[PDB]
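Input: a single structure, listed below in structure tokens.
Each value in this text was obtained by applying a stated rule to the coordinates, not by laboratory testing. In this analysis, Cβ positions are derived from the backbone assuming ideal geometry, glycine residues included, and neighbour counts consider all displayed protein chains.
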Amino acid sequence: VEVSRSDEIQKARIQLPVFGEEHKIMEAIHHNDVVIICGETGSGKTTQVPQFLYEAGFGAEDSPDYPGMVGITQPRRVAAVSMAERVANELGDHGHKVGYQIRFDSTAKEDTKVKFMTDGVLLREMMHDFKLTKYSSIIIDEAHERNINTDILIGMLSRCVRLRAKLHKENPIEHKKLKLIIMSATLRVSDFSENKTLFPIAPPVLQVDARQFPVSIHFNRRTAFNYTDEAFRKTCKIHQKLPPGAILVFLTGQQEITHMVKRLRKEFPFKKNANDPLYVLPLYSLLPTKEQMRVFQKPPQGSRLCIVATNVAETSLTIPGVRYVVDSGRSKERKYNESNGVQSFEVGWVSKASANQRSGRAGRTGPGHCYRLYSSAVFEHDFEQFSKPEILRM
RNA sequence: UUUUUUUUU
């Protein structure tokens, strides 16, 4: 199968170190019933999978009615949409042959081989069905967050695939076996691979690296009673001491963030061409789009960037021209008193996965200086390494 | 005597 590619996007095909590993994906699409592949983002996994499975012999495997076509599920609607104006142009075919579906935009075209999903739309489709005949190649995204809907869907697809791992008809050879790879976002999914519950077999796994684009991890053995002022001091020390760039100041809630915005408008009130060139912007997804496009833009000249954000920045929104974080130390979380029906908004330990993703959010392609207001001994006491499931709270 | 970071149909 050929793709009708383009020049700069063939530059985007070869550059990824997973396309040369295509044969593994080939055996992963030909040998194993369920495959688990992990890796940090930016290593060319979602931006390389449609070129795998459009060229795998699965677009027309069980042809001529097209029941072999890949659905790749995404954490959220904007991830699928942005990735569709990213890599549906990577396969050189129009919107009929590559597409997406989100909560309120359905692009159900019959020519399609690659479809980017959320969780809920595919739930909608296979409570509308139960045996998943129209699909044969499925790729999962974000296996490390372990949300509600990802876990729900993976349990019920384990049921459906292991029901179709059996014989389709009265002992045929034409089985509607479903080929599925979980393209993870961070490199610990083995907490599910050890179990014999969701699959009694051990699911075969593949581990791939990424491009670090280095970040310097720095621990401050400091009291973290008012982590706002500590983050303020670390970002002032980077802004004055270290070479220029952009620095991230991270917090938890609604009020400390605008308090830090007021302060960085106070001690650095100039923002035009105390000659510290600085533009300071808050960020969380409870802000309107005009401020959300204000951070999409680059800083005005005579001013660097500095972003006072909550814990949104790890996964929700990420911006190009930043270098360094000062972490939250402790992040805001929510839990329910099941003995009462009492909810809660509180602040507790950042797990090491969220902090690592945060440090990666700092050093996109440039140097990172992860000035952590907490210590290594406090990073010793940020167990567990990964975050706890979002199921257990609600 | 308001104290909502976050999310999937």
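Descriptive notes on the structure:
- A single entry from A:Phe116, A:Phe104, A:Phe192 fulfils the requirement of being within 13 Å of RNA strand B (Cβ to nearest atom), under 26 Å from A:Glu27 (Cβ atoms) and among the aromatic types (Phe, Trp, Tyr): A:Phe116.
- A Cβ distance below 7 Å, combined with a sequence gap of six or more or placement on separate chains, defines the contacts here; from the stretch A:132-158, residues that are within 10 Å of RNA strand B (Cβ to nearest atom) reach residues that are β-branched (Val, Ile, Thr) in the pairs A:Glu142/A:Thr150; A:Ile148/A:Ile391; A:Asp151/A:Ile391.
- Residue in the stretch A:168-178 that is away from RNA strand B (no atom under 16 Å from the Cβ), closer than 29 Å to A:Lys388 by Cα and buried (at least 22 other Cβ atoms within 10 Å of the Cβ) present: no
- Identification of helices (runs of 4 or more DSSP H) wholly contained in the stretch A:281-394 with 1 or more residues that are closer than 24 Å to A:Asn226 by Cα and among the hydroxyl-bearing types (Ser, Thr, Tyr) yields A:352-362, A:376-380.
- Each residue in the stretch A:191-239 was checked for being assigned to a helix (DSSP H, G or I) and closer than 20 Å to A:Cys38 by Cα, and 3 pass.
- Scanning the stretch A:240-252 for residues that are in a loop (DSSP other than H, G, I, E, B), away from RNA strand B (no atom under 15 Å from the Cβ) and on the phi < 0 side of the Ramachandran plot turns up A:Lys241, A:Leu242, A:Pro243, A:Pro244.
- Cross-chain or 6+ apart pairs with Cβ under 7 Å, the stretch A:311-325 first and farther than 16 Å from A:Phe296 by Cα, then small (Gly, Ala, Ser) and assigned to a loop (DSSP other than H, G, I, E, B): A:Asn311/A:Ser328; A:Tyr324/A:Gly245
- Any hit, the stretch A:20-29, residues being farther than 27 Å from A:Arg162 by Cα and within 25 Å of the chain's Cα centre (by Cα): yes
- Of the numbered criteria (1) within 25 Å of A:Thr315 (Cβ to Cβ); (2) touching a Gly at 6+ places or on another chain (Cβ under 7 Å); (3) not small (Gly, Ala, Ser), the one A:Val35 fails is (2).
- Residue match in the stretch A:9-17 (condition: part of a helix (DSSP H, G or I) and within 27 Å of A:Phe199 (Cβ to Cβ)): no
- Out of A:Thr197, A:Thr223, one residue alone is closer than 25 Å to A:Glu333 by Cα and either surrounded by fewer than 16 Cβ atoms within 10 Å (Cβ to Cβ) or more than 16 Å from RNA strand B (Cβ to nearest atom) (or both). It is A:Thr223.
- Any hit, the stretch A:258-281, residues being within 16 Å of RNA strand B (Cβ to nearest atom), exposed (fewer than 14 other Cβ atoms within 10 Å of the Cβ), under 23 Å from the mean Cα position of the chain (by Cα) and not hydrophobic (A, V, I, L, M, F, W, C): no
- Annotation for the stretch A:308-317: no member residue is out of contact with any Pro (no Cβ under 9 Å at 6 or more places or on another chain) and more than 12 Å from RNA strand B (Cβ to nearest atom).
- Residues of the stretch A:24-49 satisfying the condition of being in a helix (DSSP H, G or I) and under 23 Å from A:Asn89 (Cα atoms): A:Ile25, A:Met26, A:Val49
- Some residue of the stretch A:52-75 being of a type outside the set (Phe, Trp, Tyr), farther than 28 Å from A:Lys166 by Cα and surrounded by fewer than 20 Cβ atoms within 10 Å (Cβ to Cβ): yes
- Among the residues of the stretch A:50-101, those identified as of a type in the set (S, T, N, Q), in a loop (DSSP other than H, G, I, E, B) and more than 16 Å from RNA strand B (Cβ to nearest atom) are A:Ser63, A:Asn89.
- Filter result (surrounded by fewer than 20 Cβ atoms within 10 Å (Cβ to Cβ) and within 16 Å of RNA strand B (Cβ to nearest atom)) within the stretch A:318-329: A:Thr318, A:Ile319
- Number of the condition not met by A:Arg304 [criteria: (1) closer than 28 Å to A:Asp209 by Cα; (2) more than 10 Å from RNA strand B (Cβ to nearest atom); (3) in contact with an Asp or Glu (Cβ under 9 Å, 6 or more places away or on another chain)]: (1)
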